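To start, the structure under review is shown below, and the notes come after it.
Just so you know, all these numbers are worked out from the coordinates, no wet-lab data involved. Neighbour counts are summed over all protein chains in view; Cβ atoms, including those assigned to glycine, are modelled from backbone coordinates with ideal geometry.
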Amino acid sequence: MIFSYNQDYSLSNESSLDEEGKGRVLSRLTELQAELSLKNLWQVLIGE
Amino acid sequence: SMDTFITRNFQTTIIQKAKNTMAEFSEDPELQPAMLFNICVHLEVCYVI
């Protein structure tokens, strides 16, 4: 079950995860990434 | 500092288990925030699911 911050994902099985969690996960990821990029904490994560 | 951010955003249990994971992998949580955050998110998503 692969997920990303920019609304991109890859599920091995389709019926394993239905459309509700898929929303909350991407929402949480995007919200977090937003909160990080908002307070300049992304560069430290992207950095080595 | 993300050390504050993670405290604000994530729960206690996540930080505890994440730090326990980083402890078991023999790594300092405070000296490596990125890994702590990655583990925190990676651990949170499971619970979210």
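Would you confirm whether any residue within region A:3-10 is facing another protein chain (nearest Cβ under 9 Å), closer than 17 Å to B:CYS40 by Cβ, out of contact with any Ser or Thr (no Cβ under 6 Å at 6 or more places or on another chain) and surrounded by 12 or more Cβ atoms within 10 Å (Cβ to Cβ)? Yes: region A:3-10 contains one or more residues that are facing another protein chain (nearest Cβ under 9 Å), closer than 17 Å to B:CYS40 by Cβ, out of contact with any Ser or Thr (no Cβ under 6 Å at 6 or more places or on another chain) and surrounded by 12 or more Cβ atoms within 10 Å (Cβ to Cβ).
Here A:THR30 clears all of (1) of a type outside the set (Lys, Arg); (2) more than 11 Å from chain B (Cβ to nearest Cβ); (3) surrounded by 10 or more Cβ atoms within 10 Å (Cβ to Cβ); (4) assigned to a loop (DSSP other than H, G, I, E, B) except the condition numbered (4). Flag: B:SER1 matches the condition of being within 16 Å of A:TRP42 (Cα to Cα), out of contact with any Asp or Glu (no Cβ under 6 Å at 6 or more places or on another chain) and surrounded by fewer than 13 Cβ atoms within 10 Å (Cβ to Cβ).
The set of residues from region B:30-42 being away from chain A (no Cβ under 11 Å) and surrounded by fewer than 17 Cβ atoms within 10 Å (Cβ to Cβ) comprises B:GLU30, B:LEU31.
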